[PDB]
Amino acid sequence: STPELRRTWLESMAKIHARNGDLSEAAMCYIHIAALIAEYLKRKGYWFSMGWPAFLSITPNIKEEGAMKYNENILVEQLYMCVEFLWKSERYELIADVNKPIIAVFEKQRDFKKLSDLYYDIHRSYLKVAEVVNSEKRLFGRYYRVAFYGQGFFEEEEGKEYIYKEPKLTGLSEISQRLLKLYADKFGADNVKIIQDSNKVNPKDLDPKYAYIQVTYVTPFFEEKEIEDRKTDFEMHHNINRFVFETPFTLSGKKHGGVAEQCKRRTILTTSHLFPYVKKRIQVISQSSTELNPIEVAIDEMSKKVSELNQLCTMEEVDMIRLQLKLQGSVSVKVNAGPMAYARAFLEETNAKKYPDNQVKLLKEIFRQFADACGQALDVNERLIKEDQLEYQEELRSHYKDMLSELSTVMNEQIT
């Protein structure tokens, strides 16, 4: 909470982040520095002028810089470092709001060449966005809940939950083995275990003679009310603090069971600050969760499959292999239970009496859309296959027709 104590810390993190390739965190460190300098000059009377609120368009996390107990040239130098790392981190959309206050500085000096430079650099920042936005080219990161358990072992990290923002496409394999090696050395490789269960750990269940690291993949979470914003790949990683994951549980008490006993829990973790932050891990401060019963699970995955099929069939250049993957995995399931196990468990007359009418009626309507979407996908495939997939297509149709016949028996309705 001391100006230069906080400032050297942020500059240290900036350099660490730059070496580690956490380039957004580096950009954040510099914008937090610039925010601090601005608040300090404001409090120590200097006459941008609002203090730390000057950079709220960049991130609301800088509110914490106003917990404080340096000239205009160096504030601007902090902003240049910030733009460098926004460029390197591909968060091009923020470059404009960092340069705007610099522009105001140089407007006053009549430096027309500098102004030409600043407007130019906001120009390719938006050109780059025009070239890459929504093209799945930008790898802003993957997110993992990480929790540490073992009061005989862990220092400050004991009993607390983090969201780790990992680079690009880091998979579960890599962050697990990494964290395991890290804490196998400061505590001993014989006394550290990874918790794979994604339920909230209860410490009494754990051997106090061991240290545990729970690792669970999570994804940024938005509800339909927020999808008004969050229209781009950038916005899906810009100032976010909610993260979702699902956990399977049966009615009995197991993780896995049959279609009629399979539930799942939906958990949403909130973080103390927003990503991106001056750190690549942020602590979780709360959890909200809901549950879906077996007919709700079935309703959920059947809707998704209908949307997957329709999406592929309305692409400009339909992706034949990706269409077949989903089509064959809908109409000719051979390893899993197949979508007809849903129809048998929830739509047959005897079984349907055990569930709410509205939910039975919703799952019936989805299956109709499923029939159409498998049909539309079979037609799109026919216009794309060559001679070597004619038998393949004929069996898909044969499997589809056999499925509509059984579906028609079960629903007692003609499904075209």
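Numbering starts at 1 and follows the sequence shown.
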Residues of the deposited chain absent from the coordinates between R383 and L384 total none
Read off the CA B-factors in the entry, average them over 239-247 and over 155-163, and name the higher stretch. 155-163
Would you tell me which stretch averages the higher CA B-factor in the PDB entry, 177-185 or 329-337? 177-185
Highest Cα B-factor in the deposition, which of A54, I58, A26, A34? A54
Based on what the PDB entry reports, which of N99, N202, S289, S89 has the top C-alpha B-factor? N202
Based on the entry's values, in what third of the chain does the Cα temperature factor of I74 lie: lowest, middle or highest? highest
Select lowest, middle or highest to describe the third in which the CA B-factor of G258 falls within its chain in this entry. lowest
State the tercile, meaning the lowest, middle or highest third, of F234 with respect to the CA B-factors recorded for its chain. middle
Entry-reported Cα temperature factor of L407, expressed as the chain third it lands in: highest
Relative C-alpha B-factor of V192, binned into the chain's lowest, middle or highest third: highest
